[PDB]
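Below, each chain spelled out in residue letters.
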Amino acid sequence: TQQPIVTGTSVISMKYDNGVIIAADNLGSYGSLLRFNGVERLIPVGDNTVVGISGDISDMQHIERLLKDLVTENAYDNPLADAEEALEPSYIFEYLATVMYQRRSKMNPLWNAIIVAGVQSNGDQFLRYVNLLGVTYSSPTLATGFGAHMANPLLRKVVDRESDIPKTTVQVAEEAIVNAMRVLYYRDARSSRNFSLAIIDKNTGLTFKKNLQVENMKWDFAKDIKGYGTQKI
Amino acid sequence: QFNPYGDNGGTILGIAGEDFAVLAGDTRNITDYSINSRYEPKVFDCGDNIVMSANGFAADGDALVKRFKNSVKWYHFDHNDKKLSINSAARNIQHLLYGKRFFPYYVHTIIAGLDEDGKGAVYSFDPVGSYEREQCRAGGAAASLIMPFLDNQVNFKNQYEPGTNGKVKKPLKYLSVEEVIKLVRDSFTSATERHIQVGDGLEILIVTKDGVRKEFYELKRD
Amino acid sequence: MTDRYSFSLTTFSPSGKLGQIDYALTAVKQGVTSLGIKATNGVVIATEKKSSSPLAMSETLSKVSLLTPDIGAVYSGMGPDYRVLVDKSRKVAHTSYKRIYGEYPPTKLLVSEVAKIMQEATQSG
Amino acid sequence: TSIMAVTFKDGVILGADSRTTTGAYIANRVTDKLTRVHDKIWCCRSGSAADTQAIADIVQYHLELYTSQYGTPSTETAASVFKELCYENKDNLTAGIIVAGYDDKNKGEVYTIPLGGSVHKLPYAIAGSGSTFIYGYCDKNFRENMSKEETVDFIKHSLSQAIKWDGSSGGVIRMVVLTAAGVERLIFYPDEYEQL
Amino acid sequence: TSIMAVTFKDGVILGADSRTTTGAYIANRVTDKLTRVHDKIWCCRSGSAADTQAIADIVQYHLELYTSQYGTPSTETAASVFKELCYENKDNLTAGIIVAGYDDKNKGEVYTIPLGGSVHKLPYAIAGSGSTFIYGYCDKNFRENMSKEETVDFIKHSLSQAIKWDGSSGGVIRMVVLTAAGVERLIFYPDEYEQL
Amino acid sequence: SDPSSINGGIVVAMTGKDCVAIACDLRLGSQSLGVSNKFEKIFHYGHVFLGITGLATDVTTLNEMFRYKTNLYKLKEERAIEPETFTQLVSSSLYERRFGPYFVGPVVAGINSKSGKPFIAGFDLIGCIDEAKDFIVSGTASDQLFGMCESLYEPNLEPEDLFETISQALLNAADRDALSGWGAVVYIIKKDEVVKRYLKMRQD
Amino acid sequence: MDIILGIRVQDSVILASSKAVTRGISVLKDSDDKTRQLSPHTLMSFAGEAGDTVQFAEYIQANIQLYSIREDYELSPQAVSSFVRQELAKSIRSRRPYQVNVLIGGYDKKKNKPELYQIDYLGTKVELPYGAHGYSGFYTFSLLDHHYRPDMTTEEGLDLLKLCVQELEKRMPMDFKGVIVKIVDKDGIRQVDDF
Amino acid sequence: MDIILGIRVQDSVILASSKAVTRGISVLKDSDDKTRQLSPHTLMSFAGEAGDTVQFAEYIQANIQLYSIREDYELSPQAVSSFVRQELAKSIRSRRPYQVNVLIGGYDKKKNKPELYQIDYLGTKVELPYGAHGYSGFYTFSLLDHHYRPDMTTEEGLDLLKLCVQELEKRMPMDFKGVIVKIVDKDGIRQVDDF
Amino acid sequence: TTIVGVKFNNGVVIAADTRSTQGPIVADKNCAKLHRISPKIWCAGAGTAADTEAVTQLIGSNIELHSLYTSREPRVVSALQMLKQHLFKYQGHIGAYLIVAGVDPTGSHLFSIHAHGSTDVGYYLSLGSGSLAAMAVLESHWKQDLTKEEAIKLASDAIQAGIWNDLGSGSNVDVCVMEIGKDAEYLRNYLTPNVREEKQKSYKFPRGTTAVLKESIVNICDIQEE
Amino acid sequence: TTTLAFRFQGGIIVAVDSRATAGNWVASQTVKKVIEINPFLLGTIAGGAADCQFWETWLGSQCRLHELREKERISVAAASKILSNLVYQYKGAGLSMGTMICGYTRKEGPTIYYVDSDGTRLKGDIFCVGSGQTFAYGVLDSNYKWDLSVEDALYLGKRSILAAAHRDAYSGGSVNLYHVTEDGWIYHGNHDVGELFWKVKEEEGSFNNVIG
Ligand SMILES: [Mg+2]
Ligand SMILES: [Mg+2]
Ligand SMILES: [Mg+2]
Ligand SMILES: [Mg+2]
Ligand SMILES: [Mg+2]
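- Method of determination, as annotated in the archive: X-ray crystallography, at 2.70 Å resolution.

**Details of the overall build of chain F**
Thinking step 1. Check the secondary structure of chain F and you find four helices and 12 strands.
Thinking step 2. Since a compact globule built from 204 residues should have a radius of gyration of about 17 Å, the 16 Å found for chain F is in line with a globular shape.
Thinking step 3. The dimensions of chain F, computed from C-alpha atoms along their principal axes, are 45 × 40 × 25 Å.
Thinking step 4. Expressed as a percentage of its 204 residues, the buried residues of chain F come to 72%.
Thinking step 5. In chain F, the proportion of contacts linking residues at least 24 apart, taken out of those at least 6 apart, comes to 61%.
Thinking step 6. Looking at chain F as shown, the accessible area adds up to about 6,200 Å², and 48% of this sits on carbon and sulfur atoms.
Thinking step 7. For chain F, the distance from the average position of its 21 positive side-chain charges to the average position of its 27 negative side-chain charges is 5 Å.

**Points about the arrangement of the chains**
Thinking step 1. If you take every C-alpha in chain B and every C-alpha in chain C, the smallest gap between them is 29 Å, and the two do not touch.
Thinking step 2. One thing to see here is that chain F and chain H don't touch, and their nearest C-alpha atoms sit 14 Å from each other.

**Regarding the interface of chain A and chain D**
Thinking step 1. Opposite the 27 residues of chain A that make contact, chain D presents 35 residues.
Thinking step 2. Summing both sides of the interface, chain A and chain D together bury roughly 2,700 Å²; the carbon and sulfur share of this comes to 56%.
Thinking step 3. Looking at the side of chain A facing chain D, the largest losses of area belong to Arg187(A), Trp219(A) and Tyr228(A), adding up to 29% of the total buried there.
Thinking step 4. Remark: the boundary between chain A and chain D carries two salt bridges.

**Looking at the sheet that holds strand 11 (residues 173-179) of chain E**
All names here are of chain E.
Thinking step 1. The sheet built from five strands is open, its strands ordered 10-1-2-11-12 with antiparallel pairing. Edge strands, defined here as strands with exactly one partner in the open sheet, are strand 10 (124-127) and strand 12 (182-188). Taken over all neighbouring pairs, the strand axes of this sheet differ in orientation by 10 degrees on average, direction set aside.
Thinking step 2. The sheet strands contacting helix 4 (residues 148-165) are strand 1 (3-7), strand 2 (11-16), strand 11 and strand 12, and the helix crosses strand 1 at an angle near 160 degrees.

**What to know about the pattern of salt bridges**
Thinking step 1. If you walk through the whole model with that rule in mind, you get 116 salt bridges over all chains.
Thinking step 2. Linking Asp220(A) and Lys223(A) is a salt bridge whose minimum nitrogen-to-oxygen distance equals 3.0 Å.
Thinking step 3. You can call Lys223(A) partly exposed: its relative accessible area is 36%.
Thinking step 4. Taking the shortest distance from any N to any O, the salt bridge between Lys84(I) and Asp57(D) comes out at 3.8 Å. Residue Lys84(I) is located in helix 2 (residues 76-89), and its partner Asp57(D) is located in helix 1 (residues 49-70); the two belong to separate chains. Both residues of the pair, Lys84(I) and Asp57(D), count as buried.
Thinking step 5. A network of salt bridges, in which partner residues are shared, links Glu193(B), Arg194(B), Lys220(B), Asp134(F), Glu150(F), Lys29(I) and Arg196(I).

**What to know about the environment of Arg19(I)**
Thinking step 1. Here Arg19(I) shows up in the loop between strand 2 (11-17) and strand 3 (20-22).
Thinking step 2. Given the relative accessible area of 3%, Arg19(I) is considered buried.
Thinking step 3. In the structure, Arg19(I) is positioned 154 residues away from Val173(I) in sequence and 9.6 Å away in space, judged by C-alpha atoms.
Thinking step 4. Beyond its immediate sequence surroundings of up to four residues, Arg19(I) is in contact with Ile196(B), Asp222(B), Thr1(I), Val26(I), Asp28(I), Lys33(I), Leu167(I), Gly168(I), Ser169(I) and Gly170(I).

**A short note on the packing of helix 4 (residues 177-194) of chain B against helix 3 (residues 142-152) of chain F**
Thinking step 1. Between helix 4 of chain B and helix 3 of chain F, the least distance of the axes is 9 Å, while the angle of their chain directions is 120 degrees. In terms of orientation, helix 4 of chain B and helix 3 of chain F fall into the oblique class. Here the hand of the crossing between helix 4 of chain B and helix 3 of chain F comes out right-handed. Taken together, the residues of helix 3 of chain F that come into contact with helix 4 of chain B (itself represented by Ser190(B), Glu193(B) and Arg194(B)) are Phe146(F), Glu150(F) and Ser151(F).
Thinking step 2. When grouped by side-chain class, the residues that make up the contact of helix 4 of chain B with helix 3 of chain F number one nonpolar, two polar and three charged.

**Some thoughts on the UniProt feature "active site" in chain I**
Residue and element names in this part refer to chain I.
Thinking step 1. Feature annotation in UniProt places "active site" on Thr1, given in this structure's numbering.
Thinking step 2. For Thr1, the position within the fold is in the segment before strand 1 (3-8).
Thinking step 3. Discounting residues that sit within four places of it in the chain, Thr1 has contacts with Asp17, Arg19, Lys33, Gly45, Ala46, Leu127, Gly128, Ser129, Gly130, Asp166, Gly168 and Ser169.
Thinking step 4. In this structure the side chain of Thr1 is engaged in a polar contact, spanning 2.8 Å, whose partner is the side chain of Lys33.

**So, the pairing of strand 12 (residues 184-192) of chain J**
Residue and element names in this part refer to chain J.
Thinking step 1. Of the pairings in the sheet, the one linking strand 11 (residues 174-181) to strand 12 comprises seven bridges and is antiparallel in character. The partner of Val175 across the bridge, within strand 12, is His191.
Thinking step 2. Between strand 11 and strand 12, which pair antiparallel in sequence order, lie two residues.

**Structural notes on the sheet that holds strand 6 (residues 42-48) of chain G**
Residues and elements named next belong to chain G.
Thinking step 1. Taken in spatial order, the five strands make up an open sheet running 5-6-7-8-9, and their pairing is antiparallel. Only two strands of the sheet have a single neighbouring strand rather than two, namely strand 5 (35-39) and strand 9 (125-127). Strand after strand, the sheet turns through a mean of 20 degrees between neighbouring axes, direction not considered.
Thinking step 2. Bridge analysis of strand 6 against strand 7 (residues 100-108) gives seven bridges, and the strand direction is antiparallel. Bridge pairing links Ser45 to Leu103 in strand 7.

**Quick notes on the packing of helix 3 (residues 133-143) of chain J against helix 4 (residues 150-167) of chain J**
Residues and elements named next belong to chain J.
Thinking step 1. Interaxial distance between helix 3 and helix 4 falls to 7 Å at its minimum, and their mutual angle equals 145 degrees. The element helix 3 and its partner helix 4 pack so that their crossing is right-handed. Of helix 4, the residues touching helix 3 (which contributes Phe135, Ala136, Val139, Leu140 and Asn143) are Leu156, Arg159, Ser160, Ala163, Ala164 and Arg167.
Thinking step 2. The residue inventory of the contact of helix 3 with helix 4, partitioned by class, reads seven nonpolar, two polar and two charged.

**A few points about helix 2 (residues 86-98) of chain B**
The α-helix advances 3.6 residues per turn, and as a result positions three or four apart in sequence lie on the same side.
Thinking step 1. Relative to the 18 Å expected for 13 residues at 1.5 Å per residue, helix 2 of chain B spans 18 Å between its end C-alpha atoms, a close match to the ideal helical length.
Thinking step 2. Considered for burial, the residues of helix 2 of chain B that qualify are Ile86(B), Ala89(B), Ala90(B), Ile93(B), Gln94(B), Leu96(B), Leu97(B) and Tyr98(B).

**Here's the deal with the nonpolar core**
Thinking step 1. Ranked by internal contacts, the top residues of the largest apolar core, which has 79 residues, are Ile12(A), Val6(I), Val13(I), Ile37(I) and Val100(I).
Thinking step 2. Ignoring anything within four residues of it in the chain, the contact list for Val6(I) reads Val12(I), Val13(I), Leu110(I), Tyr123(I), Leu138(I), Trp142(I), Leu146(I), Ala151(I), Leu154(I) and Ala155(I).
Thinking step 3. Listed in part, the 62 residues of the second largest apolar core include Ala191(B), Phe135(F), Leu152(F) and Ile166(F).

**Considerations on the interface of chain I and chain F**
Thinking step 1. Tallying the contact residues gives 36 residues for chain I and 38 residues for chain F.
Thinking step 2. At the boundary of chain I with chain F, total buried surface from both sides reaches about 3,200 Å², with 57% on carbon and sulfur atoms.
Thinking step 3. When the area that chain I buries against chain F is broken down by residue, the three leading residues are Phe205(I), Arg207(I) and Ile220(I), summing to 20%.
Thinking step 4. Here chain I is connected to chain F by eight salt bridges.
Thinking step 5. For the salt bridge of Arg98(F) with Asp51(I), the shortest nitrogen-to-oxygen distance reads 2.8 Å.
Thinking step 6. Our enumeration of links across chain I and chain F arrives at 19 residue pairs in polar contact.
Thinking step 7. Elements with a contribution of two residues or more to the side of chain I that touches chain F: strand 4 (25-28), helix 1 (49-70) and strand 13 (212-217) of chain I.
Thinking step 8. Looking at the side of chain I that touches chain F, the element that brings in the most residues is strand 13 of chain I, giving six residues.
Thinking step 9. Its residues assigned to classes, the side of chain I that touches chain F comprises 17 nonpolar, nine polar and 10 charged.
Thinking step 10. Across five bridges, the pairing between strand 12 (residues 193-199) of chain F and strand 13 of chain I is antiparallel. The partner of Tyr198(F) across the bridge, within strand 13 of chain I, is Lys214(I).

Here is what the cut-offs are and how they apply
Residues numbered from 1 in each chain as written, not as in the entry; some residues may be left out. Chains lettered and ligands numbered in written order. Part of a larger assembly, values for the part shown. Heavy atoms only, no water. Helix = DSSP H or I, 4+ residues; strand = E, 2+ residues; numbered from the N terminus. Rg over C-alpha atoms; globule rule 2.2 N^0.38 Å. Buried < 20%, exposed > 50% of the residue type's maximum accessible area, 1.4 Å probe, protein only. Contact = heavy atoms within 4.5 Å. Areas by Shrake-Rupley, 256 points an atom, 1.4 Å probe, with all protein chains shown as cover. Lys, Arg positive; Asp, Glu negative; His and termini not counted. Charge placed at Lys NZ, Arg CZ, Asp CG, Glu CD. Buried area = accessible area lost by both parts, 1.4 Å probe. Salt bridge = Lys/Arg side-chain N within 4 Å of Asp/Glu carboxyl O. Pairing = 2+ DSSP bridges. Axes fitted to C-alpha atoms, helices over the stretch in contact; angles between N-to-C directions. Parallel < 35°, antiparallel > 145°, perpendicular 65-115°, else oblique. Left-handed = near helix turned anticlockwise from the far one by under 90°. Nonpolar A, V, L, I, M, F, W, Y, C, P; charged D, E, K, R; others polar. UniProt positions renumbered as here; feature names shortened; annotations may be inferred. Polar contact = N/O pair within 3.5 Å; in protein donor to acceptor, adjacent residues only side chain to side chain. Expected span 1.5 Å × (residues − 1). Core = buried A, V, L, I, M, F, W, Y, C linked by side-chain atoms within 4.5 Å.

The following block contains the structure:
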């Protein structure tokens with residue numbers, strides 16, 4: 001049993017017609033202190049999977065090393081390591097999910113909420129969640145922390161059920177994700193303007209976008225707001 | 001302090017027929033006031049004509065089902081591909097649950113299938129492994145909303161035959177699979193109206209001598 | 001300071017008359033005429049707006065007052081006494097009825113409350 | 001919350017962020033923490049929003065009744081009324097208030113009233129959760145008798161840093177300028193101050 | 001405690017105050033918080049003195065045994081050993097360590113390791129109770145590829161402010177310069193830095 | 001410990017076609033111990049009926065209080081109180097004890113004498129009105145009652161059909177609650193006649 | 001105090017109350033009468049916290065006696081029980097509540113009927129054919145449920161009461177030092193001196 | 001369990017132990033023998049936490065019986081009491097201590113003397129002319145201090161023991177359902193079946 | 001609960017869901033959360049349901065008396081001031097969280113009030129357990145110079161986000177529109193997207209199914225003449 | 001819960017209720033509170049259901065291994081002590097058990113051992129365990145005799161559970177009866193308390209307070 005120290009906030013994600021999108025800001029908070037502004041919380045595994053992690057950053061770095069070690073281990077005595085016997089998103093997730101549940105069962109959890117986004121060998125979209133309790137679930141949209149409360153409602157307006165996935169394009173899906181990141185910047189006190197976004201498409205592969213910023217923000221109306229009730233000036 | 005348990009909501013319902021059995025459960029998965037997933041399967045086909053669900057804390061629920069499925073696999077290896085009877089599965093699950101007596105699987109487990117005489121069977125477990133064969137059993141969040149209704153409509157409790165005035169009970173006539181599914185659907189529709197954690201979808205697994213069949217139905221998403 | 005008049009200023013005279021009440025009625029008699037007529041499908045109340053000066057805006061001085069949405073009042077006698085009675089009548093319709101029963105009082109009961117206030121000024125210290 | 005008040009040559013300027021949080025949720029991202037108790041006596045509010053609003057409203061009442069009888073009150077008088085409320089009710093209040101005002105006789109004055117209910121007259125004052133991160137900056141960069149443009153830059157740069165590091169602070173930088181000329185409101189948006 | 005490490009053109013400089021307190025009593029006013037784990041790999045210590053000394057001693061042992069077998073270790077390697085101890089024993093440690101070192105290949109490098117046991121490579125790092133008060137100042141005044149004299153002034157001015165506001169920090173400002181030329185110790189007394 | 005589940009018991013109320021029905025169990029207990037099988041929880045003031053679950057001393061106290069208040073109401077108004085008005089009175093009376101409340105779950109039922117409209121209402125311990133069209137539930141088996149009522153209920157039932165629905169809703173809910181049962185009573189209320197029926201049920 | 005029983009038979013009410021008074025470690029008395037006569041045909045037994053029990057009982061006694069003098073009339077057992085309930089209901093939301101449970105056995109001279117009322121410290125009143133307070137009912141009610149009849153004589157009621165006391169003396173860990181039994185009927189209140 | 005007494009007279013040791021076994025609310029048994037024969041001339045009575053008492057007593061019994069067979073020789077009461085004390089002294093610093101108090105009454109065949117040893121759960125041994133555990137001594141010791149003589153007969157010891165039990169039955173709140181009395185002398189151990 | 005308020009061109013609109021809950025149990029499936037303080041000053045409440053109802057009735061009562069006393073139509077700032085000073089006095093023990101909106105001679109207004117007595121001004125606001133879902137929608141679609149039709153659409157969409165995504169909110173959408181120089185229009189059950197589907201079976205019992213011990217006529221009538 | 005067992009001329013009567021509750025919620029009315037350890041031994045269930053089920057089923061396995069090794073029926077004393085020694089090892093861990101181990105052998109005759117999760121092991125003639133034990137004890141104590149017939153003894157056990165089922169809120173549902181003889185136990189059926197109550201009320205004349 002511990003308490004989280006340096007933390008990462010919301011990770012958000014959704015399925016679209018040919019793959020999955022996942023995004024997370026580049027902030028490592030230290031309580032209310034916005035300590036580290038250059039933290040990458042989306043970690044790609046191969047060319048077909050991206051693991052997005054929130055919560056304790058020291059545990060994230062540990063998980064990051066486990067995944068790096070997993071790729072090395074898979075390549076051992078494996079001529080098809082870059083082909084038929086390459087790591088799948090489903091393999092990577094199940095491994096993490098096992099670790100998360102084992103660790104919670106020893107009363108020493110990895111203090112995280114993880115979303116594994118990827119595309120399988122047969123082109124199927126993979127999107128599944130796991131957290132410090134070892135709880136797992138899948139959905140057309142998935143989000144951690146504040147994202148669950150604010151991002152999901154917006155993303156679910158695009159893909160409300162399974163049948164909406166083939167109707168959703170990458171441009172529409174990316175637009176929804178980028179808007180959700182703006183909303184989280186407005187309303188989450190532990191978020192930053194800078195973020196990373198990753199798209200895993202079955203045709204165009206893994207596209208990893210760094211150094212993105214929240215833009216087209218509405219603040220002008222603030223000038224008109226005066227006082228807290230009766231004050232006119 | 002770290003709390004290793006959580007509540008993922010959900011409600012499940014097992015009913016034993018004359019020559020069949022059904023195990024139903026909603027597909028909604030939640031934490032607190034948020035919805036994690038509108039479709040997250042909760043009732044599972046475990047092989048050997050047995051269906052299972054472990055409702056409550058989803059991580060422990062998944063762990064138990066996984067371990068039981070594994071137990072079925074190794075039962076085949078060790079005992080010449082012998083079919084695991086529902087009563088044997090039930091006793092095996094008791095030992096899995098009681099194995100963690102002092103750090104329990106925080107779930108209410110129900111399995112369903114057919115006994116060795118071909119009759120419908122449902123077994124119900126508490127978190128630490130006490131179990132019993134039962135005709136009718138709702139589990140989870142809206143269990144208190146469903147069971148009284150089932151006492152009345154399945155077992156005909158408090159119902160008497162008109163004219164006699166409390167002297168002759170209503171006879172316990174056998175229900176068909178179509179009749180049971182109606183009561184299951186109405187139970188979950190009612191539970192959805194009055195319980196916030198119940199909704200989205202209803203998935204029913206029907207077990208007969210022919211095998212395991214699935215049926216899905218929409219529920220209110222609010 | 002302190003209100004040291006804790007005794008009744010209205011008392012029975014040897015003849016059985018309550019002087020101050022009689023004299024109050026005399027003040028009402030000097031007051032401007034007001035009337036009320038009840039119809040089958042309504043009630044009407046009316047009075048003259050005796051303007052003290054032509055420079056005065058008689059619209060601001062309201063002799064006829066809404067007590068509840070379904071109850072109205074008019075008077076004859078001393079205007080200031082009326083004005084405070086209307087304020088008390090409006091408040092008592094809420095405090096001793098609407099805040100209890102969630103509805104406005106019936107005419108007779110609101111009248112009863114107003115009557116009680118006027119009775120107390122006839123016996124209190 | 002990040003708030004400050006700075007005296008300069010022509011008078012005094014009050015500065016504040018616009019973020020109000022309930023835990024990690026931003027309940028209001030366009031809050032106005034610069035509030036008026038008299039024509040040219042304003043205050044910056046930090047701590048319990050309910051408490052500081054209740055206090056400010058009472059002070060405004062007191063100074064309004066003061067003005068009706070004795071004419072315009074001094075900035076010192078306003079600070080005293082704030083202090084009296086904060087000190088006497090210290091057990092039931094979580095309020096950190098900076099009082100700033102402009103007289104013609106005394107010119108720009110700044111008083112800070114922390115949790116305890118004490119009063120401290122200063123050339124400038126900083127307060128709120130975000131103030132911790134700019135004690136070093138403000139102490140190194142503050143000068144007495146600055147111009148209006150210099151003081152606006154000082155407050156803008158200071159609160160910019162406070163906002164950058166404090167998660168509890170953010171949104172727009174509001175400012176109120178108090179001089180003989182009158183009362184001027186200013187606002188500065190994220191795209192302006194973040195790039196500084 | 002106020003500690004920092006800053007990379008510059010010729011390498012890296014570690015800076016620290018010298019105050020160690022037991023409550024409000026200054027147990028040691030001339031503490032040396034800049035400690036050596038290898039010839040040109042040093043660290044700044046904050047948190048539990050027992051823990052950070054125990055950790056530093058173990059790291060020095062590890063890097064000494066490393067050197068015997070594999071030659072001079074990288075600054076990254078040293079930071080990794082620190083991290084491994086701090087992360088794996090996070091339940092029983094209260095340690096906040098900044099690791100700074102000079103290679104010829106990599107030049108000046110700075111790594112910070114906060115309570116959790118995470119690692120963060122930075123151009124410069126600040127830590128300790130007094131660091132809170134100079135986040136604003138350091139962010140505004142830091143430049144990459146500074147000269148030796150500029151970096152010494154930056155650290156001196158920064159820790160001067162940290163000491164000024166933090167009661168837990170104080171005494172002398174110790175510094176250690178790590179370059180190709182070698183290892184240079186510097187010290188700056190109250191009469192020097194207070195008047196800045 | 002929990003005042004609302006020391007004594008136990010339940011009340012349910014339903015609307016029908018030109019009629020209302022209100023019903024209650026008869027149990028009073030001291031936690032596990034059964035004390036009385038004749039503790040009726042439904043009272044009436046004129047044609048307005050009031051069921052009260054919860055702490056038994058408060059059930060008794062509030063009945064005496066509303067008898068008190070409706071009697072004075074009648075003397076001054078020169079007419080019997082109506083269900084809509086009484087509901088507001090119950091709400092006001094509970095909220096005036098906001099920071100020291102009666103631990104009860106009241107249920108109003110009746111027909112407006114002038115309009116003939118069937119009316120039911122429920123309250124939390126503190127006075128918040130729940131004015132439902134279909135049904136109101138209260139007591140230690142309220143979850144069970146919600147489940148029974150939600151499935152069994154259909155609108156515009158005739159008095160003699162409504163009796164069967166509310167009776168079966170109560171009985172089967174009480175049989176799934178340890179602190180409810182030991183007999184039951186059902187009131188069938190029409191504009192100018194009221195029938196009261198005691199039900200036969202298991203006595204465990 | 002510990003055990004207080006009550007049983008209403010055909011033409012009378014019988015109250016049995018334990019004699020023991022224990023103050024933690026020692027039994028200070030074994031002849032304590034846990035009852036007060038409220039009026040000639042109304043008796044109240046009591047059990048609860050020390051001091052409160054007697055203080056309450058005597059306070060009620062004084063009030064009923066005051067009413068008897070003022071009106072020159074004896075209140076019905078129902079009226080007395082309602083008065084007592086209100087005092088306890090008033091008490092439970094006080095600064096320091098009376099921690100007292102009572103049984104009120106009375107004979108209504110108007111209706112010519114015996115009446116037994118059970119009231120706990122919360123103000124929970126119930127009219128019963130037989131009653132108890134605390135743990136006493138747990139041992140005795142199964143016997144009373146079995147044997148009780150509404151047309152029992154006073155002698156039969158006493159026999160059933162002896163069986164209840166015997167079961168208490170067997171299965172209760174505490175020694176309550178036997179019981180004092182009193183009968184309330186049309187002729188008034190009298191004590192059964194041999195039991 | 002509750003009350004266990006012991007008294008060493010001229011030529012024997014008398015142990016009196018209560019018969020009651022209570023499980024919180026109910027008295028489950030009223031004929032329980034809270035003693036074990038360790039050897040032909042050594043008897044141990046016991047009282048303490050449930051389960052531990054009998055588990056401990058039987059464990060001691062087995063060990064003394066084992067010693068008796070191995071050496072074909074009966075250990076002296078002093079030797080047995082020392083062995084028992086060490087087990088309890090070992091127990092008190094264990095993960096879960098035995099919560100058991102014992103009296104060891106024995107007749108030393110070598111010295112031709114009766115011996116009574118009192119040992120509590122901490123391993124506190126004392127040799128006494130008369131002893132008790134728990135609250136039993138508070139009621140009985142004043143009587144034993146007064147009447148006891150080292151040259152008492154077995155019949156006189158029983159009379160003094162009856163007086164102790166009578167005082168317990170009067171002033172103790174708990175009903176311990178009387179006592180089983182056993183005498184340990186040169187001829188061995190026997191039970192006084194009427195008491 | 002999900003409640004929202006949205007300013008527009010010539011007025012303000014408030015909206016709310018219609019679910020009231022007892023823990024996880026739905027007590028009323030069509031609750032009315034839009035309360036009237038005065039004819040053209042309405043508010044929506046969240047938190048302790050009795051407190052929101054009680055505090056609006058009390059202030060609404062005092063507002064009416066004040067309106068009669070001053071011969072002026074009531075102002076929103078008066079309702080705001082009276083609410084906050086009352087709630088502040090009780091230090092959060094009165095669990096009322098309100099969104100107050102209305103029109104008056106000064107203009108159109110929108111405020112929020114928290115249980116401890118703090119108030120906020122805004123063009124768009126949301127309160128309740130579904131406030132985060134609702135605020136996400138408001139932050140995504142709100143703009144300056146909204147029309148009446150756009151504000152109703154935005155407000156109801158914000159409530160829907162709460163209805164679907166928040167378990168504490170559900171059933172229907174209530175709306176009230178307060179435009180300047182007009183009567184406020186209360187739109188009860190403006191949207192009804194959660195009607196229960198027809199059941200698979202009728203559970204109407206045969207008459208005489210229930211066992212009965214006794215029957216009797218209850219005397220509801222007064223004491224009779226003769 | 002209410003469970004009882006008593007020794008008499010014809011062997012042992014075992015009687016239990018059938019109700020299971022989680023707080024106020026009645027989880028089941030059809031619970032089996034008699035564990036059929038083997039054809040000769042019975043065990044009652046009170047406190048923790050899983051603890052009783054698991055360990056008394058386990059006890060049956062140990063009894064089977066005993067008579068395989070020793071070629072002889074295990075004694076009731078030996079069987080009960082295997083269980084008590086086991087739970088005593090777990091003492092402190094939080095096991096919840098209150099059971100009667102009942103049997104009839106040649107050397108012992110009809111024997112009942114009360115076994116507890118505190119480690120208590122008591123031989124006795126009459127035992128009642130559960131939340132409704134006090135009610136059952138009253139009916140037993142007043143009507144019990146050694147020279148009861150098998151018919152009357154069965155009724156006494158049935159009537160005593162009924163007494164508890166009525167008064168105790170956490171007891172009821174139905175009554176399960178067993179009669180233990182030297183040749184093995186004999187099941188005497190499930191008896192719904194709802195139907196049994198009215199039947200007993202009418203035939204016996206008891207429960208006059210209750211309106212029927
Ligand atoms: Mg919802
Ligand atoms: Mg240490
Ligand atoms: Mg210093
Ligand atoms: Mg019962
Ligand atoms: Mg064993």
